[PDB]
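Working notes for the structure below.
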Amino acid sequence: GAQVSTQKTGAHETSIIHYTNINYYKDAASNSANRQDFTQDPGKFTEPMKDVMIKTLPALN
Amino acid sequence: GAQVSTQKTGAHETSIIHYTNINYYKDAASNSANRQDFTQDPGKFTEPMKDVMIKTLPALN
Amino acid sequence: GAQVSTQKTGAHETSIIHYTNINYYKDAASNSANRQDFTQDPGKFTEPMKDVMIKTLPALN
Amino acid sequence: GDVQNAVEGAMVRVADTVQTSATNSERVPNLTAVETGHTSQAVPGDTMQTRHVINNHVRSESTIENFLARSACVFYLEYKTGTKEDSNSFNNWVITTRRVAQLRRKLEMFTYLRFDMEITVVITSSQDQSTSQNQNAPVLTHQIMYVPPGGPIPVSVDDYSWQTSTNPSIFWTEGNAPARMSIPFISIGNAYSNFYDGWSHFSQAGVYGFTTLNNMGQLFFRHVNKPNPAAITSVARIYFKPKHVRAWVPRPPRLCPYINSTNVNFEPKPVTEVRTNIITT
Amino acid sequence: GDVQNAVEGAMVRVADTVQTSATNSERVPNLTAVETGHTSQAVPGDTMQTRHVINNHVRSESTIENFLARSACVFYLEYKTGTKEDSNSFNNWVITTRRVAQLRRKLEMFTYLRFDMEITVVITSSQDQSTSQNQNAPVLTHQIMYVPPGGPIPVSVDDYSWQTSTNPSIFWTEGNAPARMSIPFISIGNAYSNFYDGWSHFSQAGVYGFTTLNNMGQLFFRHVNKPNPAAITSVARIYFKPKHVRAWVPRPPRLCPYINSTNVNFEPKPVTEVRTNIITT
Amino acid sequence: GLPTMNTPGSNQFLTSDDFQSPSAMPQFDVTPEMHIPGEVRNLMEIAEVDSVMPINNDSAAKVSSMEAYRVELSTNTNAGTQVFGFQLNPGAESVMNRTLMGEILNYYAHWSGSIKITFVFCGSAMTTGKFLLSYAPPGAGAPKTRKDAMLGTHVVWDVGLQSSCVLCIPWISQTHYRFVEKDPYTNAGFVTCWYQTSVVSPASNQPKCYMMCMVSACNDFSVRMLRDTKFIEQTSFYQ
Amino acid sequence: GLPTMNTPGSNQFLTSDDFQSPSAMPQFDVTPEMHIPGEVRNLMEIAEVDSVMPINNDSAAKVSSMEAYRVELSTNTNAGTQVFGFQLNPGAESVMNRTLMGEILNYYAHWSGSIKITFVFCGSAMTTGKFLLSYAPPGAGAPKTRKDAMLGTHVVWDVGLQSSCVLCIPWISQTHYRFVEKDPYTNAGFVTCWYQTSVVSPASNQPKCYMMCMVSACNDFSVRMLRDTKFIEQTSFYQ
Amino acid sequence: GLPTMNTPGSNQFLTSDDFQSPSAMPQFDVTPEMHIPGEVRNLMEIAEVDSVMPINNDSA
Amino acid sequence: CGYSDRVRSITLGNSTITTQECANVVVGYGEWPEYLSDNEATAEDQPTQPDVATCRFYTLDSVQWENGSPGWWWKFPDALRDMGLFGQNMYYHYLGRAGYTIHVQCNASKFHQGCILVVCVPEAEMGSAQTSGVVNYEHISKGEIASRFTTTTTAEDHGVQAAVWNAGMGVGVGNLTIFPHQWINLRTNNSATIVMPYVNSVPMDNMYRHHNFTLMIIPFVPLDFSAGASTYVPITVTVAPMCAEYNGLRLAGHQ
Amino acid sequence: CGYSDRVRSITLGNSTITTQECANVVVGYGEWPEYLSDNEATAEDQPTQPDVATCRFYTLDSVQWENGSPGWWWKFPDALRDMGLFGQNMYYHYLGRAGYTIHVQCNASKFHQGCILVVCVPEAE
Ligand SMILES: CCCCCCCCCCCCCCCC(=O)O
Ligand SMILES: CCCCCCCCCCCCCCCC(=O)O
């Protein structure tokens, strides 16, 4: 039971190349590093507010 | 004829990752250790009684 | 997910032999050299003209 | 999703710049009050006329995984080929990550850290000078034995302990690719704690600091071969690579040099390097 | 299509010759005016009666890829097994491609060049003569460390720098197949520039030439082993292979010998070799 | 059986590699996950937070004290007087060198993005003033007068009830990435601050007051080519 | 043919590995299975069985005899007198060290679960008494009076026709696992026993009698991190 | 496990070979492509351009 | 509307603080404190939750801000150990869990200037003045009395290194802002409110041994005013526990 | 709403002026400046329009207001003749047309008094 996934490739002038991975061990610890996952969320640090602040309005009014 | 089975992985905050195994030898002895099987039954040791004992009732009555 | 493609072979007296390739790495950089691609276009160098020149007509007329 | 499933990924790209024009509005997008503890969300289009730009840049070497997952040297240990009468014929190392400066500084940027680890170990040997230093010797095997907390400890190079009936060991012959193991997560908490502010005793005493929580056993190293007619010194360099990392609560980077590996003691240093004047080209 | 997809190809063949007959026409296909800057498109059938020929020749060793993609030696560096007191116990090389004559000439045929690269390195060791040159020594591991621009630099064979917490390193034991890495594209521009006509300073001064753009870090080389009772000299030969190449703007080949590797300086040479007379059999 | 050959690159340990390897304890039971508030998963989340810059930096005395952070403003100063100046080049310029953004940057050799400097006036509540915040692109040296500065990209901050105005310095560069290390080829121009009018105060009030400057990375920013820092070293193992 | 490269970790024997390997006798005929009563298939099945604790343990004399197991009770003892006390910490506390549960534990570095101590009164059949069985959580030291003990988790066992009352010691811990080895960071509190009233006897009967204490692991229990024991050693091969 | 044998030609570096090999920086972000006028992709495109011959060549 | 965003009323228990100048309220890491779930429980015994009796605003001691003063810190939950029934529950229970509303109060007239950083640092492990020495309890906390920073590097034996600019823990003070913080800049607001949730690596812990976080108040711009315009301006720190629950009951004590 | 009519932000080119005390903005004679139409053209040659490069806030010199001082005047477009690329285009071209946003800035504390007339007089001979 192989898994297929897309390789990192840059942009091009105005695509998809796959690679194959199979796990050979019984413990999830033995698996390769998870280097693909670029999700983020600055929210928790950059705006830890209770009341929402609208950018265009004055901060204190 | 490959076999697919699930790897040991811990719990998560509120899954399944497979691995592949194929045997290459003609004798069952050559196979990998059977490390996954967590079945048990304390019964034979903890209560080797003839008459069933109900926990909530007095032992001798 | 294997890829199949045709090998370089010469002409014959009056065919197709395939080979198999699978990528094993997560970065497109790790892939084999792209040695098959024989496309070309002399146009840009050999005739960098604005007005089309017809071979059979005199160059200046 | 799962961070131990490495074939499952995600994709996102850096934000684009949308074209803007001149305004003479009644809205101020670049006035804010720092006091709030709120970081301004100004973008270039708010104070200039910008063109339309498309960015295809992607943050991809600033992921926590990619940042931490490279094999750092944590310690090297030395041991000669000897007899039972020697007390350098084997050696041991109490596992810690605070000995080296570089890796320590990286880890200490997060308060709580949860990861699996790949341990690789490069053992190099050298001939010691002697009268009989042109003696012939065959290849040397080395044994690395992990002793978990509260297990038997070797008192010599040769005693029962080395039998290893349930202790993980690696036997590695020279002239082969470096020995490598993967270790799962192993804390009794829910994450490794790089900082502990507290005491080991409920009477507010004993040991202050991180020391109290760390306890990870020790690595005992020896030569398997019987001694040759001259000593050979070996030095094992231990490499650690944190993979499948998850990190919580970011902290300021270290500024002052470290002094000890059992406490956070420091002596105060200047904030930043001096410059010539407050106006400088 | 994509030049990093190597299983996708294309096919084309050399043009055929179509049969022609005698003419007495009013069209001249072999008169043209060179002045235009237009190359004539005359084909043999325009000035001879030719037979019908089918060509199955294919241009296939004159593709840019096939031309450039062979591993060239770019530099070799030498270093002895020493102590901290020696200043030849380690060595380093500032990365450049201008040291060798052959590969340089090939690259310089294109103004702009974009490629990924396979770096292979062959390290060979030799015993230095000494009184104790029949001393026994076990196998030697070597460490190659890449230091990107503006990183820490080793001052001795043994210092913190060699810990390599985020610097790529290769540990290679002797008697194994040569060490090999692949490197992606790495410029801050959109192609490597083999020629830069311009200045480093806006006042039309400083450094003239290509030097200004090149900056690629350095390779530090050392032995990992502690010294034996006699020195061993090692020489590492670095091989580079450009794969996935794309090339823009062809230039005339070099004619004059190179003199320096930081500028294009030359002293004028004859255009071509002299021959006996203007009529020669 | 199956045959099979080695290729160059066999039996060599590469630091940045990524392969599977056997476990050392088969079927270990990992401790179940819990929550824990505040989770980073990308260093840029840190870089986007406001650190305070130590602009004042003229001598060792003030550099080993709180003085470093507060830029001194004074009343009755002629209009068009430079408050301060320094060339922009984070991670190699002393001013931003050891701030949060700076520290993150020094693990990389290439940066790109836009920077936003939030100027907060921490004077009296009865004092007023207007300042011209200028950013001149490179290729002509730093401005020497208010007029020179005026020609560049600038915001005129009128101090009032809203304490702070942010100068968003836009990315204008030939190349897609600059070096973090100082290099003559890539420069990022000069950020200067000038009195647009003057600081005016009422009767009984302090003449001198102070402003402070926050710095952070905008929402489009990125870094490439991971490398070791130069701000820490040792000569032996810690004990 | 097929090419193919080695990676770090080739040609190294790891003790805890798990790979296939060729047989030494092809097609050997294994002897057919039969039944055999009583099959363990998990060590916890053993840990759940009641062993008897040697609480009495004051001197070598009684420790090399049957005396060790019997805790002496006596008639006409004032109420609120401590019968015995020891801190809970199995596999490092002498009292439970060499019992069945203890022995199993010493092959592991981490335990978790709840323990149940079954107190059986083996006195006369005409004697009566009531005892307070207390378990104090850690963080305040062992109780010093019946009142101190009372505040903790406790069962009042009234002796009667049913010989034995079981004190189920519940798991209350910060962490999901404690160390088996003694460590200051994790402690498990103090189990103490006190006279709730007194032992009363009739006319012609012995004044002194004895109780005995069983210990076992409850139905939720687990162990992690397999390791060597310290209770056996040799200096040479046995012959 | 899987067995497996070497053949002649193992552990030898050949200059003109072509194999995959691990990257030295995982997940590096390559700079996006732009255009650039004038692209060769085959040396014959160069050979088809007119150079001028130095026929006169009788003496240094 | 008739609302203004400068007036705020926080009522918790039988205690209400009002403020007429403030700038919003920082909820630490976006998460509001709440009770432990049954998926993250480890303890088996039934928790007590005293609700209203132990949640309410405890006004701790107030220190005077002066021109030369360098800063102050307090350590939580340690500081609250003498505060009413919170103190008592903490004294009789092995395990405790709770979040906290930190509300720092200060005020001045229009003719004063000065700006204080108010920051809640989780897990602040601190150095020692003697770098071969080891700090002991009495120089880490004085209970509900503020521990002062110093602006002179030298200090007594078992002194904690507390030179302002390195925050007493070897990091540049200017970067402390990464943790939940506000600023009381005299001219705009006059109070800070940080709702700090429980952050630890383990679900509940012992309240004496572990110190969850340190409240640091550092004056970045010194207090200044012109002659004859008052000279005494105190800073009062008021804190309220939220969602406090305790497991493991036994006799009172430390050891 | 959250708006106040005392705060205003004018962004033009790469130059933004903010002000937190103002009273509206006077659009001269009700008409907003705009480009010449093809019904009012006289010149036949194609105009250049430098847009962003020549539209942006040029801060001219600032004089000090004192108790005795009587007043000041500046003449436009003459005043702008040394201001950047505006100056250059004006120097190399026979004909020019443009409107202007005049923004006068001044400030004081509450314990000052005084009142200035700011007026744009067309064709002041
Ligand atoms: C031969 C077998 C070897 C097994 C080695 C087991 C090593 C355990 C490693 C524990 C790493 C702990 C990392 C702690 C990080 C931190 O909090 O600073
Ligand atoms: C051990 C890790 C080694 C990593 C080596 C990184 C080498 C970077 C190589 C850059 C090649 C640049 C080619 C420039 C071509 C040119 O313009 O002349």
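So you can find residues: chains in the structure tokens are A, B, ... in the order shown, residues in each start at 1, and ligands are numbered from 1 in order.
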Discussion item. Which residues are near ligand 1 - at most 8 Å, using only C-alpha atoms and all ligand atoms? Format: as a VMD selection string.
Written reply: (chain D and resid 95 to 98 104 107 to 108 112 to 113 117 119 144 to 146 148 167 to 170 181 183 186 192 to 194 214 216 to 217 219) or (chain F and resid 24) or (chain G and resid 14)
Just to be explicit: take each residue in the selection above, keep N, CA, C and O atoms, and write the result as a compact mmCIF listing (two decimals), in the first residue's frame.
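Output file out-v4.txt is given in full below:
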# COMPACT_ATOMS: atom_id res chain seq x y z
N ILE D 95 22.87 11.63 30.03
CA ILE D 95 22.19 12.25 28.93
C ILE D 95 21.62 13.58 29.34
O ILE D 95 20.92 13.68 30.34
N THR D 96 21.92 14.63 28.55
CA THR D 96 21.46 15.98 28.76
C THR D 96 21.68 16.63 27.43
O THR D 96 22.33 16.06 26.57
N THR D 97 21.09 17.82 27.19
CA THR D 97 21.27 18.53 25.95
C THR D 97 21.87 19.88 26.19
O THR D 97 21.88 20.72 25.30
N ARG D 98 22.41 20.14 27.40
CA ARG D 98 22.75 21.47 27.80
C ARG D 98 24.23 21.70 27.70
O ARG D 98 24.69 22.81 27.93
N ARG D 104 21.52 24.13 22.37
CA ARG D 104 20.87 24.61 23.56
C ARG D 104 20.10 25.87 23.32
O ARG D 104 18.92 25.95 23.67
N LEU D 107 16.86 25.22 21.22
CA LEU D 107 15.80 24.57 21.96
C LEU D 107 15.14 25.53 22.91
O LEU D 107 13.91 25.59 22.97
N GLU D 108 15.93 26.32 23.65
CA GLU D 108 15.45 27.24 24.65
C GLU D 108 14.57 28.36 24.15
O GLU D 108 13.98 29.08 24.95
N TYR D 112 7.82 24.74 25.90
CA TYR D 112 7.48 23.34 25.89
C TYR D 112 7.67 22.80 24.52
O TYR D 112 7.32 23.46 23.54
N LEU D 113 8.25 21.59 24.43
CA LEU D 113 8.69 21.05 23.17
C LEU D 113 8.37 19.58 23.20
O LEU D 113 8.63 18.94 24.21
N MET D 117 13.10 11.50 18.31
CA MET D 117 14.48 11.84 18.03
C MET D 117 15.27 10.76 17.33
O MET D 117 15.21 9.62 17.75
N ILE D 119 18.99 9.39 16.91
CA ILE D 119 20.31 9.46 17.48
C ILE D 119 21.26 8.72 16.58
O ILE D 119 21.11 7.52 16.40
N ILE D 144 27.76 0.27 22.56
CA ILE D 144 27.06 1.37 23.16
C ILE D 144 25.88 0.76 23.86
O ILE D 144 25.10 0.08 23.21
N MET D 145 25.74 0.96 25.19
CA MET D 145 24.64 0.42 25.96
C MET D 145 23.92 1.54 26.62
O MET D 145 24.54 2.36 27.29
N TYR D 146 22.58 1.59 26.46
CA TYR D 146 21.68 2.50 27.12
C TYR D 146 21.20 1.88 28.40
O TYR D 146 20.68 0.77 28.38
N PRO D 148 18.50 2.78 31.18
CA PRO D 148 17.39 3.59 31.68
C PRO D 148 17.51 3.93 33.15
O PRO D 148 18.28 3.22 33.80
N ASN D 167 18.35 -4.20 28.09
CA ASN D 167 18.85 -2.88 27.79
C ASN D 167 19.14 -2.81 26.31
O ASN D 167 19.85 -3.70 25.84
N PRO D 168 18.67 -1.85 25.53
CA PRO D 168 19.07 -1.67 24.14
C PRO D 168 20.55 -1.44 23.99
O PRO D 168 21.08 -0.61 24.72
N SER D 169 21.23 -2.15 23.07
CA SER D 169 22.63 -1.95 22.81
C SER D 169 22.85 -1.95 21.34
O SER D 169 22.05 -2.52 20.60
N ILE D 170 23.93 -1.29 20.87
CA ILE D 170 24.34 -1.33 19.49
C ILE D 170 25.75 -1.81 19.50
O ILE D 170 26.58 -1.25 20.21
N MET D 181 19.71 5.05 15.58
CA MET D 181 18.48 4.57 16.18
C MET D 181 17.49 5.69 16.10
O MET D 181 17.89 6.85 16.04
N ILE D 183 14.21 7.06 18.52
CA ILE D 183 13.67 6.92 19.85
C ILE D 183 12.32 7.59 19.76
O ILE D 183 12.27 8.69 19.22
N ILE D 186 9.34 10.29 25.23
CA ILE D 186 9.69 9.47 26.36
C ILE D 186 9.46 10.15 27.69
O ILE D 186 9.85 9.62 28.73
N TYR D 192 8.34 17.87 26.87
CA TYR D 192 9.58 18.20 27.53
C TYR D 192 9.48 19.65 27.93
O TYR D 192 8.87 20.44 27.21
N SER D 193 10.02 19.98 29.11
CA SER D 193 10.01 21.30 29.68
C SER D 193 11.40 21.82 29.73
O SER D 193 12.23 21.30 30.47
N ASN D 194 11.70 22.84 28.92
CA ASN D 194 13.01 23.44 28.85
C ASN D 194 13.23 24.40 29.98
O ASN D 194 14.36 24.80 30.22
N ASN D 214 14.66 16.73 34.49
CA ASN D 214 15.46 15.93 33.59
C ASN D 214 15.99 14.73 34.32
O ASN D 214 16.38 14.83 35.48
N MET D 216 17.11 10.86 32.39
CA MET D 216 16.95 10.18 31.14
C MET D 216 17.88 9.00 31.03
O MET D 216 17.95 8.40 29.97
N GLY D 217 18.55 8.58 32.13
CA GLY D 217 19.48 7.48 32.07
C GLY D 217 20.81 7.91 31.50
O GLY D 217 21.13 9.09 31.51
N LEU D 219 24.40 6.60 28.83
CA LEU D 219 25.03 5.78 27.83
C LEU D 219 26.37 5.33 28.31
O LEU D 219 27.23 6.17 28.57
N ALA F 24 14.07 1.96 18.91
CA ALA F 24 14.91 1.36 19.91
C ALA F 24 14.08 0.73 20.98
O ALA F 24 14.58 -0.16 21.68
N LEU G 14 21.49 -4.21 16.41
CA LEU G 14 20.75 -3.53 17.43
C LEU G 14 20.00 -4.62 18.11
O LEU G 14 19.46 -5.52 17.48
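Taking only C-alpha atoms, the non-local environment of residue I:245 within 7 Å (same-chain residues fewer than 5 positions away omitted) comprises residues 47, 48, 49, 96, 97 and 98 of chain I.
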Residues of chain J within 10 Å of chain F, counting only C-alpha atoms, what are they? List them as a tab-separated table (two decimals) with N, CA and C atoms, in the first residue's frame.
chain	number	residue	atom	x	y	z
J	7	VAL	N	-10.33	63.48	12.63
J	7	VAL	CA	-9.17	62.79	12.13
J	7	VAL	C	-9.31	62.65	10.65
J	11	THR	N	-3.60	60.78	1.43
J	11	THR	CA	-2.52	60.01	0.87
J	11	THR	C	-2.53	60.36	-0.57
J	13	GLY	N	0.32	59.93	-3.85
J	13	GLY	CA	1.62	59.48	-4.26
J	13	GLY	C	2.18	58.55	-3.24
J	14	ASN	N	3.41	58.82	-2.77
J	14	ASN	CA	4.08	58.05	-1.76
J	14	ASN	C	4.20	58.88	-0.51
J	15	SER	N	3.26	59.81	-0.28
J	15	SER	CA	3.32	60.77	0.79
J	15	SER	C	1.98	60.80	1.42
J	16	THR	N	1.93	60.63	2.76
J	16	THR	CA	0.71	60.67	3.52
J	16	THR	C	0.89	61.68	4.60
J	17	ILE	N	-0.06	62.64	4.73
J	17	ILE	CA	-0.15	63.48	5.89
J	17	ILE	C	-1.34	63.02	6.65
J	18	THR	N	-1.21	62.89	7.99
J	18	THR	CA	-2.29	62.61	8.90
J	18	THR	C	-2.50	63.86	9.69
J	19	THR	N	-3.72	64.10	10.19
J	19	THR	CA	-3.94	65.14	11.15
J	19	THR	C	-5.06	64.70	12.03
J	20	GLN	N	-4.95	65.00	13.34
J	20	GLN	CA	-5.90	64.60	14.34
J	20	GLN	C	-6.71	65.74	14.87
J	21	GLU	N	-6.51	66.96	14.35
J	21	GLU	CA	-7.39	68.06	14.65
J	21	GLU	C	-7.48	68.78	13.36
J	56	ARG	N	2.59	64.60	-5.02
J	56	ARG	CA	3.10	64.18	-3.74
J	56	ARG	C	3.39	65.43	-2.99
J	57	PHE	N	3.41	65.34	-1.64
J	57	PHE	CA	3.52	66.48	-0.77
J	57	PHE	C	4.92	67.01	-0.61
J	58	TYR	N	5.17	68.20	-1.19
J	58	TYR	CA	6.38	68.98	-1.08
J	58	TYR	C	6.28	69.92	0.08
J	59	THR	N	7.01	69.64	1.18
J	59	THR	CA	7.15	70.49	2.34
J	59	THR	C	8.07	71.65	2.05
J	60	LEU	N	7.51	72.87	1.96
J	60	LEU	CA	8.26	74.09	1.76
J	60	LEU	C	8.73	74.57	3.10
J	61	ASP	N	9.54	75.66	3.13
J	61	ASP	CA	10.13	76.24	4.32
J	61	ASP	C	9.10	76.72	5.30
J	62	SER	N	9.46	76.65	6.61
J	62	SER	CA	8.59	77.02	7.70
J	62	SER	C	9.16	78.17	8.47
J	63	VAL	N	8.34	79.23	8.65
J	63	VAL	CA	8.70	80.45	9.32
J	63	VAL	C	8.13	80.38	10.71
J	64	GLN	N	8.73	81.12	11.68
J	64	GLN	CA	8.27	81.20	13.04
J	64	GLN	C	7.30	82.31	13.28
J	83	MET	N	11.44	71.94	-6.53
J	83	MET	CA	10.95	70.74	-5.91
J	83	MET	C	10.96	69.61	-6.89
J	84	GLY	N	12.02	68.77	-6.82
J	84	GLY	CA	12.15	67.49	-7.48
J	84	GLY	C	11.80	67.48	-8.93
J	85	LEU	N	11.05	66.44	-9.36
J	85	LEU	CA	10.68	66.24	-10.74
J	85	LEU	C	9.59	67.14	-11.20
J	105	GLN	N	0.16	73.64	8.39
J	105	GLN	CA	0.34	72.97	9.66
J	105	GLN	C	0.85	73.91	10.70
J	106	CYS	N	0.26	73.88	11.92
J	106	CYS	CA	0.72	74.67	13.04
J	106	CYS	C	0.17	73.98	14.26
J	107	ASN	N	0.71	74.21	15.47
J	107	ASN	CA	0.15	73.61	16.66
J	107	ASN	C	0.64	74.36	17.86
J	108	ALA	N	-0.07	74.21	19.00
J	108	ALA	CA	0.29	74.85	20.23
J	108	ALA	C	-0.43	74.11	21.32
J	109	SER	N	-0.06	74.35	22.60
J	109	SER	CA	-0.76	73.83	23.74
J	109	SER	C	-1.97	74.68	24.05
J	110	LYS	N	-2.74	74.28	25.08
J	110	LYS	CA	-3.97	74.89	25.49
J	110	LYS	C	-3.83	76.27	26.07
J	111	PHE	N	-2.61	76.66	26.50
J	111	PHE	CA	-2.37	77.91	27.17
J	111	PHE	C	-1.78	78.91	26.23
J	112	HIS	N	-2.02	78.75	24.91
J	112	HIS	CA	-1.66	79.73	23.92
J	112	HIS	C	-2.93	80.18	23.27
Residues near residue G:225, anyone? I mean within 7 Å using only C-alpha atoms, not counting same-chain ones fewer than 4 positions away, as a PDB file with N, CA, C and O atoms, in the first residue's frame.
ATOM      1  N   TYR G 108      10.684  -2.208  35.050  1.00  0.00           N
ATOM      2  CA  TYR G 108      10.181  -1.071  34.321  1.00  0.00           C
ATOM      3  C   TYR G 108      10.584   0.168  35.030  1.00  0.00           C
ATOM      4  O   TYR G 108      10.819   0.139  36.232  1.00  0.00           O
ATOM      5  N   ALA G 109      10.681   1.295  34.293  1.00  0.00           N
ATOM      6  CA  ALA G 109      11.058   2.557  34.868  1.00  0.00           C
ATOM      7  C   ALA G 109       9.872   3.445  35.099  1.00  0.00           C
ATOM      8  O   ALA G 109      10.001   4.410  35.841  1.00  0.00           O
ATOM      9  N   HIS G 110       8.702   3.178  34.472  1.00  0.00           N
ATOM     10  CA  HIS G 110       7.523   3.990  34.675  1.00  0.00           C
ATOM     11  C   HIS G 110       6.368   3.126  35.050  1.00  0.00           C
ATOM     12  O   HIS G 110       6.121   2.143  34.361  1.00  0.00           O
TER      13      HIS G 110
END
Give the superposed chain A as a JSON list (two decimals) with C-alpha atoms, in the first residue's frame, the fit being least squares on chain B over all ordered C-alpha pairs.
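Saved result, out-v2.json, follows:
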[["chain", "number", "residue", "atom", "x", "y", "z"],
["A", 1, "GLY", "CA", 0.86, -10.59, -2.14],
["A", 2, "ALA", "CA", 1.57, -7.79, 0.30],
["A", 3, "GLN", "CA", -0.08, -7.32, 3.68],
["A", 4, "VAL", "CA", -1.02, -3.91, 5.04],
["A", 5, "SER", "CA", -1.53, -3.15, 8.73],
["A", 6, "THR", "CA", -1.71, -0.18, 11.09],
["A", 7, "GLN", "CA", 1.27, 1.22, 13.00],
["A", 8, "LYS", "CA", 1.29, 1.95, 16.73],
["A", 9, "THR", "CA", 0.50, 5.62, 17.31],
["A", 10, "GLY", "CA", -0.59, 7.39, 20.49],
["A", 11, "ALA", "CA", -3.77, 9.32, 21.23],
["A", 12, "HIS", "CA", -4.47, 12.76, 19.83],
["A", 13, "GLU", "CA", -6.37, 15.88, 20.81],
["A", 14, "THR", "CA", -10.05, 15.95, 19.90],
["A", 15, "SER", "CA", -5.07, 8.48, 13.32],
["A", 16, "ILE", "CA", -4.23, 5.61, 10.99],
["A", 17, "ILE", "CA", -0.91, 5.24, 9.24],
["A", 18, "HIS", "CA", -0.20, 1.96, 7.48],
["A", 19, "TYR", "CA", 2.97, 0.01, 6.81],
["A", 20, "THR", "CA", 3.60, -2.85, 4.41],
["A", 21, "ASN", "CA", 5.06, -6.27, 5.17],
["A", 22, "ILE", "CA", 5.95, -9.11, 2.79],
["A", 23, "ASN", "CA", 7.45, -12.47, 3.82],
["A", 24, "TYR", "CA", 10.46, -13.66, 1.83],
["A", 25, "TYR", "CA", 11.04, -17.14, 3.27],
["A", 26, "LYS", "CA", 9.37, -20.51, 3.12],
["A", 27, "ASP", "CA", 9.30, -21.28, 6.83],
["A", 28, "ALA", "CA", 7.01, -19.52, 9.28],
["A", 29, "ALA", "CA", 9.90, -19.53, 11.76],
["A", 30, "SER", "CA", 11.70, -16.88, 9.72],
["A", 31, "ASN", "CA", 8.87, -14.36, 10.25],
["A", 32, "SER", "CA", 9.21, -11.20, 12.36],
["A", 33, "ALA", "CA", 8.19, -11.18, 16.04],
["A", 34, "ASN", "CA", 4.46, -10.79, 16.69],
["A", 35, "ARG", "CA", 4.60, -7.65, 18.80],
["A", 36, "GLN", "CA", 1.06, -6.45, 18.18],
["A", 37, "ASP", "CA", -1.57, -8.37, 20.10],
["A", 38, "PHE", "CA", -2.65, -6.91, 23.42],
["A", 39, "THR", "CA", -5.35, -9.46, 24.33],
["A", 40, "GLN", "CA", -5.37, -10.70, 27.92],
["A", 41, "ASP", "CA", -7.65, -12.42, 30.41],
["A", 42, "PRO", "CA", -6.85, -12.11, 34.19],
["A", 43, "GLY", "CA", -9.83, -14.40, 34.95],
["A", 44, "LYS", "CA", -7.90, -17.65, 35.32],
["A", 45, "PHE", "CA", -5.72, -16.23, 38.09],
["A", 46, "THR", "CA", -7.74, -13.52, 39.76],
["A", 47, "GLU", "CA", -10.96, -15.54, 40.19],
["A", 48, "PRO", "CA", -10.45, -19.30, 39.93],
["A", 49, "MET", "CA", -13.81, -19.99, 41.60],
["A", 50, "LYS", "CA", -16.51, -22.55, 41.03],
["A", 51, "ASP", "CA", -19.38, -20.46, 42.34],
["A", 52, "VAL", "CA", -19.61, -16.93, 40.96],
["A", 53, "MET", "CA", -19.05, -14.20, 43.52],
["A", 54, "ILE", "CA", -20.92, -10.95, 43.16],
["A", 55, "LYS", "CA", -18.83, -8.00, 44.26],
["A", 56, "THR", "CA", -21.58, -6.12, 46.07],
["A", 57, "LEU", "CA", -22.84, -9.10, 48.08],
["A", 58, "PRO", "CA", -21.00, -10.45, 51.16],
["A", 59, "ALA", "CA", -18.44, -13.15, 50.31],
["A", 60, "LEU", "CA", -19.79, -15.57, 52.91],
["A", 61, "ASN", "CA", -23.47, -15.43, 53.72]]
